[PDB]
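Engineer: what shape does this take:
(chains A, B, C, D, E, F, G, H and I, ligands or ions: 2)
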Amino acid sequence: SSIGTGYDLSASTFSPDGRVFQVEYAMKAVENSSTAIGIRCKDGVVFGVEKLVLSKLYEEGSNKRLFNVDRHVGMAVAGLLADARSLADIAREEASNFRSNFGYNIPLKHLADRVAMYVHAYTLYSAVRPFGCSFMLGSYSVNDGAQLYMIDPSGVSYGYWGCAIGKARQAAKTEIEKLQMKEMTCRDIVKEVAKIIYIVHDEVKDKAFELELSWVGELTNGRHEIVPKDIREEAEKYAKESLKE
Amino acid sequence: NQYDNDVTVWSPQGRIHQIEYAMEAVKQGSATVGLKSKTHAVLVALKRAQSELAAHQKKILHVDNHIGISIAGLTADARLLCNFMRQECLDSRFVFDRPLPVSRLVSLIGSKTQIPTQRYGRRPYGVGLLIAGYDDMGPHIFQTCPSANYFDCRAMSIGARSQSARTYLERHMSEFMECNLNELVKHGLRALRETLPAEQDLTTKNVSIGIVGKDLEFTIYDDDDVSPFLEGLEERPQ
Amino acid sequence: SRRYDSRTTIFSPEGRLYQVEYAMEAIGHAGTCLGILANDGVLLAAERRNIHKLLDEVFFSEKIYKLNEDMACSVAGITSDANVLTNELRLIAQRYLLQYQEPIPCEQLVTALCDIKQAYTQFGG
Amino acid sequence: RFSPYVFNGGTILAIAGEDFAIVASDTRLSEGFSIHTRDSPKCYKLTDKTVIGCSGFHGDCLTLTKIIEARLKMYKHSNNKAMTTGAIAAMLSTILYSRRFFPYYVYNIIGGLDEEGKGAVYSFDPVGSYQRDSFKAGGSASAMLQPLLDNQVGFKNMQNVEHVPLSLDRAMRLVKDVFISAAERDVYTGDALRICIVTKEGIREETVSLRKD
Amino acid sequence: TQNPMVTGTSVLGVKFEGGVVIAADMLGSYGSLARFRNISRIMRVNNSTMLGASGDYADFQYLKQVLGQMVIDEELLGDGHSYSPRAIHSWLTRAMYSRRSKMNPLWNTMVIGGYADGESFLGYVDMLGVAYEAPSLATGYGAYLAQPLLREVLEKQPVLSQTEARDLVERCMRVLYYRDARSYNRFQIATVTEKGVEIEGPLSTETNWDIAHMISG
Amino acid sequence: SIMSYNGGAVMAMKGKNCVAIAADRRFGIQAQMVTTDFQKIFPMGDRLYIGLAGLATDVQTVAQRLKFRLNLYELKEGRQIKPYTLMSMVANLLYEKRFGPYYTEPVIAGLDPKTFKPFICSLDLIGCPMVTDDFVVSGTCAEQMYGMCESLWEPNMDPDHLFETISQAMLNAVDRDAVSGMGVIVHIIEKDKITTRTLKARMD
Amino acid sequence: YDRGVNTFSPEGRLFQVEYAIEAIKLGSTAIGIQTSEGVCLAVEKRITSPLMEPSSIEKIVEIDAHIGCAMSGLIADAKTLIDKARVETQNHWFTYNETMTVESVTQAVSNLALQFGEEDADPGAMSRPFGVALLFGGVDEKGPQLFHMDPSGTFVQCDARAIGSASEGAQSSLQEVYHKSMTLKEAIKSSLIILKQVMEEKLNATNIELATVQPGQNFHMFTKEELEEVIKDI
Amino acid sequence: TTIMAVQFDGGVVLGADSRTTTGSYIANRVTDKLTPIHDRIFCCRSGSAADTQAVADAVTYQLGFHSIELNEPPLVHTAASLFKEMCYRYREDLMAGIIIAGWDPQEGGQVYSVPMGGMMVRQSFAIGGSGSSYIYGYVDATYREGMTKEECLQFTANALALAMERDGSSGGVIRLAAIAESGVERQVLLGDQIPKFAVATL
Amino acid sequence: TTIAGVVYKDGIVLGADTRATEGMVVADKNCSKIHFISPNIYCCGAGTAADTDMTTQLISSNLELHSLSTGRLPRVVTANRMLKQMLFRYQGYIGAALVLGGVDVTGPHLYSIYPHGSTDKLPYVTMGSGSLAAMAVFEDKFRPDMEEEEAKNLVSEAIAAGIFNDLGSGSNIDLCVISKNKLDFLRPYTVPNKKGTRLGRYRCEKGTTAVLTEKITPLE
Ligand SMILES: *[C@](O)([C@H](C)CO)[C@H](CC(C)C)NC(=O)[C@H](Cc1ccccc1)NC(=O)[C@H](CC(C)C)NC(=O)[C@H](CCc1ccccc1)NC(=O)CN1CCOCC1
Ligand SMILES: CC(C)C[C@H](NC(=O)[C@H](CCc1ccccc1)NC(=O)CN1CCOCC1)C(=O)N[C@@H](Cc1ccccc1)C(=O)N[C@@H](CC(C)C)[C@@H](O)[C@H](C)CO
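Structural biologist: Numbers count the residues shown, from 1 in each chain, chains lettered A, B, ... in the order given. Ligands and ions are numbered 1, 2, ... in the order given. Now the structure:
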């Protein structure tokens, strides 16, 4: 699983074993980033991000890895932040265009499809390099339901019940599997999200970290909003207490 | 060595060397400090000189009545980005008749600077910026890197030997929010001077100050106008 | 992208264009073709490489092209490039004719094609 | 078909003194036979030394104003100095001529102080033709304002009269007088008169009242 | 738009103590034909401003789409900044003038009402980019009929209560229904206060017709 | 009318194994004559002629561009051009300017270079082809020419009767038109030879 | 090993630009001195043959009546910049009816700094930096001013500055003799002295060119006689 | 021409005349004006034949691709929005009066009007075409909320009959279409099937 | 012109006159107005001659390409779409009124295509200056599922009505019968008009034409 004799310098070049190493390298750039998870409950989607703090000089809420893509769609990113922001711009513009053309809020599956196609468009030429980030799109509606999708640098898009991206992706996935989110609600879920974030976090290698949280569901009229300070501190308390067992 | 020369080439370790090499350009320039109180945003910049017969390099630039910047890196790229910010601000005033919110301008800087890091034959902007601004969310100090990443700061320092300034600011963050203007500029000047060996210190010839706030448009103090700030400072230790 | 470029329009350290010389080497392997000028006319004579028993012979010639009612040419090298250049020559001749209403002077036609070839040696890659 | 122009009225005046410059205008914005607003001064402060008066089609007035603002800022960023009055005049000329084949329907008079502190007026036509004056009127009631100032400030057609320089006070009362007279005859002039005085001290704004018919 | 099709008539606006009120009938006319007698010509642009529009209804729908998108775009950031009524007015002025200068105008005349920072806002925008501020506004025939009434009151009493302004508006809509042949006895009233923007449902205007029996004497 | 600015007349007639094409010689601007030797018939190869009537500039220009394309054709292909082929070529050339047309109405007359089969056609200003077995006319005096041709033309004419017929047609049609005339030229073409004559005509 | 023209070194600099800086070091050395009585610019001509007409070697040119420029390095590259400067000054005069400040001109020319590249660019766009260094000496509202610009686009004001092959030595010699109160004659004298020191050929009236811009007098290129009259008091 | 569309509970009813005229001549006395855009989405055309045909084709194209890309039955409002976009964007180059109506799993039976302006509005019922002018009063006095499918059918039949009787540009045959979750029931009223009304005698 | 088209039991009959005019003068007495599109599809052209020609030729070409790639027999809907879309793209500036008839894998299809790009699929259609007369004949004597000779008679009758009643139409009647397995391109289906025979001899004998200049030139 390691070839590199000129076959790994472009996305327009296949490896002799049929691989595009540039994309995989971008994925490795995603892997070196702090873990961000997101889980879908029966009444919406909750996002949680391990936002590592590189300096105490930085203001709180700086370098947000949680974005508002549309009034009904939120985005959680993992990896090279600038690319993630540009992708957030692309997603926003796609949703805006969809509204301006068809007259209603864009369905999440379609938005994910479009943006994913846009991402994939970068895994094919030597003129551009694949995006160095993976992201998750969360949304809720009454006519649509609760939905959570995920896109990697290759352009692959899939629908998840629970998902994680970053350093401890698997370590988080094993913790998410323990939950029964098909019956739980976004109110209860937040605590579990914060909990899994604190569990997966490595207090040794990585320094201090700030926790980001995001609602999107029936409790918010379908609007993707930031989790209020009350519920956030509550979930963090639950997490810090659950870390002593 | 084979992943060094193009911005469209990922390393097998998930890194882009051209971006990092561009990041190294910020450390090549003279250090600069930025801090905010609750009413004022302040940039203090250490101007550098080639010889004693050459005037000191400009480090603080005017963007809009409510926004100013301090540069660190390639002066050409700095001028480019500056003109871009100026243009965006002018556009905002032309269209909405209200000053452009600083955070949005920073976002636009991010979007613009991100583009050339993903296209063949293009290169990242070889310049770091400290942005001081005031809007109806208060004062703001922002930091922009060649990697097109930006940070909202309480205090920050970038450039040659800026580590000392950073270490200083990190201790006085708690003091910053309540300081008056003079104390704020003081702290900025101490942070700035920390990035110097004891054989040299601040002078009216090599220090520039940019101030913006609720009671003041962005202003630049360069020579004799800096003295009221320097005169009123400790003797520093060795 | 920069890696795959063979740099076809670039000076060699000695101050020469390698692709041109290599093209000359290509021409050196092509059928012999000569021409002689006389007082009462002028003639072309060329070796034929398309000499096989099963060839059909449906054209007036093989390496002799008519360019103009007062002009003809012969060719040596890659035959398809030759087709391109000859067609272009006919074009030029007809343009001059359309403009001045008299046949294009031979040297002018030659220079006209040569400017194109030179253009291919100086830029475009 | 469709006309991209509409006349919104308005009168405008500028006088240049030895150490001052007055730029005044009515405050009536009208259209057809109707009043849009009675609170619409035609005076715009550009710099501490320079004030501009713009009359005519309100769309082009607003647009040209904002353009001038933006370009003032640009010049300031480019040369680290504010635009001198004459410079603003020249710039305005180029800007106006830039639409030579789709003109701004705007009459422009610039009043301010030069680099020697003295007063200066610059009168414009809609396509950039400008000149320096001691006093000039423009806008709807222009032909009513000009002849008196030719007599009283230029001392024209007056035999054996003294050429005493215009003081700020006399100039002020002259402005108020010509505007009051214009409000009688011009139907586009009325409501209120705003006067802008420009001296070394800065820019004062006064507001006299005109009839509302 | 070079030839307007389905259009709406007058739009009224007036400031009051701690807010602004705007009125407009719910009629879309196809020439002399009252074709669509149930359409809203008033839009809620965020919580601090609101818009009423006269002229071509399609172009108004376009501006409604665009403005809605702008407000959404801004609301996505959540950076603590929002479009003030004055800002929206400035933008709209810029847009209308831009279309005017392209010789392709948006056939609309608009009144923007708003309330932000404790101040009442009322702005007017032409299809030519003629824009201004005033304590009272009236578009179309209103400018000939309603506006004289509004100015009469405002020059005798600059500050009005919400109920006073609402009464004034009602009476003006009555006058307009009387004299404007392209109006309709079914209108809407929108209001900005610190509590936000509120659009009240289908209102009717009481009408007196006693002067019908004054033919002889 | 734009066509009437210069005036002129062009006619073609069919024979046994021969063909004929004639045209007036006047180059005039509206009412004034400038030249009496203006060429309106051009050889597009051996035994194939074209005759353009209408706006003089477009006559010359269409002729020249047509010779351009023709030369290129007879160079790319190792043969002389067929009459039908030339007709389609002209049609294409004219229709390329469908919305900015040359003001000329071409008339093609010739013999099949392979066979000898006579051929006459005419075209629009936008290049609509029309092939006939008797005669074709184009010009300011088209009605007069039609009048003569409908009454003089016989089927299998020998190279002498064809000459007399087309000559009388041209002369007598042209003599009832003010902007056509000042001499008539006739080309009678057959397999063996081409005979060119200028007729004795009115010069008023 | 070939790379793009906009490639960064691990140190954080552009290779092509640095190489251009290296290219300057092979050019004729020039000295500019700022003085409250005016600015002076002197430069060696480096005549390589007695047959070469020395009057056709101009390394000092007039940007405008109040601004002159001295250049070192690849002169052919400098011609473009000079014309751009002249055009900018004239455009500014046309638009604003006033002269350009020396700093504004210098900045304007400096804006063409890193305006080079391969992909995502215009067909006529620059492929490489300008291998030349400039000294802008002129008189504006801020009095006499001297500026220096290098291929990096970094421009800065100098009281006295030397560019070219003998840059360092001439700069030291400049530091030894400059006080912010010299007379213009002293500046010219010092310039010619240092020039004579650093030049390999014997300094004469046809070996160099000197020009001054003073508050009361336009850009003046010193004639042969005047040059002789300054060289006189060697 | 004269089109019409009425909304009932479980769907909609469409109706149109069949006369297509150039000048005073009838180029087609049997036009099909009800055009299928999707399985349960129809549109009623009025104005330029070429314009409405082209636009209908384009919208069918776009909506087809869109519904395939979403893998869901297209919203009627979406079709109406495509028509709206096209007609508004090219309002100065198109002469089209459209009534988009049909069934949709999310909003049920819907009727939208896109008049020559390019605007769009949902209505309980909609009429268009040259003949619509002559039936505004009747349609105003006859409409009653809660009409059954057959009631709406008879309603549009009568209205169209009246309009065709009065309008010279309208006439020929009556085309009706019933759209619901069930599907599309199209029928044609001709001759004696077309509703008749008492003409004044003495 | 006066082109018509009808649909019968086994296929389609297309008709057209042969008069081409410029001004109020007959320029062509025998003009073919029934054009080849595909071996199973023909199209009658009325209006601007060159436009009908080039349009019908272009669409024929594109259909040849189409069938060449598909390997099947071209559909009439395809020719209809191509024609209407091209014509509509030019907003009527291409003066081409058309009657498109053909037999498919789906059966017989007849369209009328107006130069603005609108089409009508009808059992019978007429176009041209004489279209009203022909349409009168159709409205009078048409019945569904006619036999071939019956339909030929009807169409020729219509074209005849156009010929005698319209000053724009004249000369011959051309028919084109297209069934599921036959293509009768009957050129001069009827010559109902004949030029009167000459009553005199206006033949000019050799010598009556005076000549000023002569030049013989030999060929090969
Ligand atoms: C409908 O609206 C009702 C019946 C009332 O009009 C119908 C139904 C539609 C959906 C088919 N509409 C028409 O009957 C319609 C009117 C119309 C005229 C002009 C522009 C737009 C609409 N008729 C047509 O569209 C008709 C189509 C076919 C020929 C059947 N064509 C035309 O009406 C010609 C439009 C072309 C044009 C002319 C001038 C400038 C630009 C475009 N009009 C003609 O006059 C055609 N022509 C030339 C004159 O003599 C008769 C033939
Ligand atoms: C003589 C034949 C070879 C062709 C004849 N051509 C012509 O009449 C062309 C027209 C060129 C044109 C330019 C711009 C725009 C439109 C047309 N005219 C010319 O070539 C010369 N003129 C120039 C100035 O004087 C008048 C004509 C023609 O088209 N005739 C049409 C009638 C017509 C309609 C509209 C414009 C011009 C002409 C015709 O025959 N049409 C028939 C159908 C056929 C040919 C398919 C019919 O429609 C029947 C005969 C009734 O006309």
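Engineer: what's near enough to touch the closest residue to chain C within chain B?
Structural biologist: Closest approach between chain B and chain C, counting by Cβ to the nearest Cβ: residue B:120, at 5.8 Å. From N, CA and C alone the C-beta is placed, and that goes for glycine too. Listed by Cβ atoms under 8 Å, 6 or more residues apart in numbering or on different chains, the contact set of residue B:120 reads A:126, A:127, A:128, B:6, B:7, B:8, C:1, G:119.
Engineer: residue F:151 too?
Structural biologist: So residue F:151 contacts I:198, I:202 (Cβ under 8 Å, 6+ apart).
Engineer: tell me which element it falls in.
Structural biologist: Assigned by DSSP states H and E, residue F:151 belongs to helix F:142-152.
Engineer: can that helix be found next to ligand 2?
Structural biologist: No - judged by Cβ under 6 Å from any ligand atom, helix F:142-152 stays clear of ligand 2, getting no closer than 9.1 Å.
Engineer: ok, then the element right after that helix?
Structural biologist: By DSSP H and E, the next helix or strand past helix F:142-152 is helix F:161-174.
Engineer: so which elements touch that next one?
Structural biologist: Counting contacts by 3 or more Cβ pairs under 8 Å, 6 or more residues apart in numbering or on different chains; DSSP states H and E, helix F:161-174 is packed against strand F:9-14, strand F:18-24, helix F:142-152, strand F:184-190, strand F:193-199.
Engineer: make it 10 Å
Structural biologist: Secondary-structure packing of helix F:161-174 (3 or more Cβ pairs under 10 Å, 6 or more residues apart in numbering or on different chains; DSSP states H and E): strand F:9-14, strand F:18-24, strand F:135-139, helix F:142-152, strand F:184-190, strand F:193-199.
Engineer: quick one, helices of the chain?
Structural biologist: Because you didn't say which chain, this covers chain A. A:21-31, A:81-102, A:108-120, A:169-176, A:186-200, A:229-242 (DSSP state H).
Engineer: wrong chain, I was asking about chain D
Structural biologist: Under DSSP H, chain D gives helices at D:58-79, D:85-97, D:142-152, D:168-185.
Engineer: for chain I, same thing?
Structural biologist: Counting by DSSP H, the helices of chain I are I:49-70, I:76-89, I:131-141, I:148-165.
Engineer: same for the second one, what does it pack against?
Structural biologist: With contacts defined as 3+ Cβ pairs under 10 Å, 6+ apart, the packing partners of helix I:76-89 are helix H:49-70, strand I:34-38, strand I:41-47, helix I:49-70, strand I:96-103, strand I:108-113, strand I:119-121.
Engineer: one more time with 7 Å, if that's ok
Structural biologist: helix I:49-70, strand I:96-103, strand I:108-113 (3 or more Cβ pairs under 7 Å, 6 or more residues apart in numbering or on different chains; DSSP states H and E).
Engineer: with just CA atoms, put it into PDB.
Structural biologist: The C-alpha atoms that make up helix I:76-89 are tabulated as PDB, following Å, rounded to 0.1, in the frame of the first residue of the first chain:
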ATOM      1  CA  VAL I  76     -40.800  11.600 -38.300                       C
ATOM      2  CA  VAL I  77     -40.800  13.200 -34.800                       C
ATOM      3  CA  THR I  78     -37.100  13.700 -35.100                       C
ATOM      4  CA  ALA I  79     -37.300  15.600 -38.400                       C
ATOM      5  CA  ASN I  80     -40.100  17.600 -36.800                       C
ATOM      6  CA  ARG I  81     -38.100  18.500 -33.700                       C
ATOM      7  CA  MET I  82     -35.000  19.400 -35.700                       C
ATOM      8  CA  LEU I  83     -37.100  21.600 -38.100                       C
ATOM      9  CA  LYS I  84     -39.200  23.400 -35.500                       C
ATOM     10  CA  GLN I  85     -36.200  24.000 -33.200                       C
ATOM     11  CA  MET I  86     -34.000  25.400 -36.000                       C
ATOM     12  CA  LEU I  87     -36.900  27.500 -37.300                       C
ATOM     13  CA  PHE I  88     -37.800  28.800 -33.900                       C
ATOM     14  CA  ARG I  89     -34.100  29.700 -33.100                       C
END
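Engineer: what separates whichever residue of chain F sits closest to chain B from residue E:165, distance-wise?
Structural biologist: Closest contact between chain F and chain B, by Cβ to the nearest Cβ, is at residue F:96 (41.1 Å). Distance of residue F:96 to residue E:165, given as Cβ to Cβ, to the nearest Å: 70 Å.
Engineer: what of residue A:49?
Structural biologist: With Cβ to Cβ as the criterion, residue A:49 and residue E:165 are 49 Å apart.
Engineer: re earlier: most tightly packed of the helices of chain I?
Structural biologist: Of all the helices of chain I, helix I:148-165 carries the top mean neighbour count, a mean of 22, counting by mean count of other Cβ atoms under 10 Å in any protein chain shown.
Engineer: these two touch, right, residue B:145 and residue B:127?
Structural biologist: No - under the criterion of Cβ atoms under 7 Å, residue B:145 makes no contact with residue B:127, lying 9.0 Å away.
Engineer: show me the residue at the heart of chain F, geometrically.
Structural biologist: residue F:51 (2.7 Å; Cα atoms, centre = their mean).
Engineer: for that residue, what are its contacts?
Structural biologist: With contact taken as Cβ atoms under 7 Å, 6 or more residues apart in numbering or on different chains, residue F:51 is in contact with F:10, F:12, F:21, F:23, F:40, F:41, F:107.
Engineer: I'd like the distance between the closest residue to chain H within chain E and residue I:111.
Structural biologist: Per Cβ to the nearest Cβ, the residue of chain E with the smallest distance to chain H is residue E:5, at 3.4 Å. From residue E:5 across to residue I:111, the span is 33 Å (Cβ to Cβ).
Engineer: tell me which residue lies farthest from the centre of chain H.
Structural biologist: Most peripheral residue of chain H (Cα atoms, centre = their mean): residue H:202, 37.3 Å.
Engineer: for the spatially most central residue of chain H, give me phi and psi.
Structural biologist: Nearest to the mean C-alpha position of chain H, by Cα atoms, centre = their mean, lies residue H:44 at 3.1 Å. The phi/psi pair for residue H:44 (degrees, to the nearest 10) reads phi -100, psi 120.
Engineer: who's in contact with it?
Structural biologist: H:3, H:5, H:14, H:16, H:33, H:34, H:98, H:99, H:128.
Engineer: so what's the residue count around the first one?
Structural biologist: By that I understand residue H:3. Around residue H:3 there are 30 other residues, counting by other Cβ atoms under 10 Å in any protein chain shown.
Engineer: is it in a bridge, and if so with what?
Structural biologist: residue H:16, residue H:128 (DSSP bridges).
Engineer: does it touch residue H:35 like I think?
Structural biologist: No - Residue H:3 is beyond contact range of residue H:35, at 10.7 Å (criterion: Cβ under 7 Å).
Engineer: burial of the closest residue to ligand 1 within chain H, as a residue count?
Structural biologist: The minimum distance from chain H to ligand 1, using Cβ to the nearest ligand atom, falls at residue H:1 (2.7 Å). For residue H:1, the count of nearby residues is 28 (other Cβ under 10 Å).
Engineer: identify the residue spatially nearest to it, adjacent ones excluded.
Structural biologist: residue H:129 (3.9 Å; Cβ to Cβ, 6 or more residues apart in numbering or on different chains).
Engineer: ends of stretch E:11-22, what's the gap?
Structural biologist: End-to-end span of stretch E:11-22 (Cα to Cα, to the nearest Å): 7 Å.
Engineer: correction: the previous question concerned stretch B:52-65.
Structural biologist: 33 Å.
Engineer: buried sites along that stretch?
Structural biologist: Residues of stretch B:52-65 classed as buried under the neighbour-count rule (16 or more other Cβ atoms under 10 Å in any protein chain shown) are B:53, B:54, B:55, B:56, B:57, B:58, B:59, B:60, B:61, B:62, B:63, B:64.
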